[PDB]
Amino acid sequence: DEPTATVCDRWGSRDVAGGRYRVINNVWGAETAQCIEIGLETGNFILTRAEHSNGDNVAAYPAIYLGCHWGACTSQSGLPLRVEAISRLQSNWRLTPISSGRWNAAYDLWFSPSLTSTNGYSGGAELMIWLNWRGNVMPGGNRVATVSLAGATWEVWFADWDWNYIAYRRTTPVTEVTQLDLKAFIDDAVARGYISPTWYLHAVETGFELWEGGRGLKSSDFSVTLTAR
């Protein structure tokens, strides 16, 4: 049994896996209560409390990440790194779904033309990869395409906000990915004109966007492997 911490602060976080990843409670869109129980070695986490009821606005995105999330960096992440300077990028993840609430299980990658992210990613992009969900929750923006990438099929959604938002929603849900080729999504977004290849990738995250509820969702077995050109 690995050591755990129970984090309930709206902006609470823990370094995990010797500093390689970081886990964030990240209740960014509401004041409703949420706790996660975090395994300090693996970075595995489970929602032990989630009282969100936020209409059609995301209340929270409890998540684990490699890289720099609003200027808070993990240890020796190799990011930020320019998109054109990435050779390979893959990730493992396993999620445990629940039978209630309105939520998704989704990667969230953050880009911008700047080398720093302390002030966020305006003028850059956010690339999501939705693997599972409940409650007919929808990506931002408009559906623009359907695409074969990384060994599966995806809906492509795009919004033009302060940053470019691109979401890939899997055509059928899964509970795990093994060596998911994240660069395939990046290169598709570049080809579409949604990400500039001279923008930096700052952070590779995954977690659950929560609109309503969430208790019992679990994130396990996260890994990211990045290779620079």
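In case it trips you up, residue 1 is the first one in the sequence shown, and so on.
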So which stretch wins on mean C-alpha B-factor, 179-187 or 48-56? 48-56
According to the deposited model, is the average Cα temperature factor higher in 71-79 or in 103-111? 71-79
Third of the chain's Cα B-factor distribution that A17 belongs to, per the entry: highest
Going by the CA temperature factor in the PDB record, which third of the chain does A30 belong to: lowest, middle or highest? middle
If you rank every modelled residue in this chain by C-alpha B factor, which third holds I98: lowest, middle or highest? highest
Where does the C-alpha B-factor of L40 rank in its chain, lowest, middle or highest third? highest
Where does the C-alpha B-factor of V156 rank in its chain, lowest, middle or highest third? middle
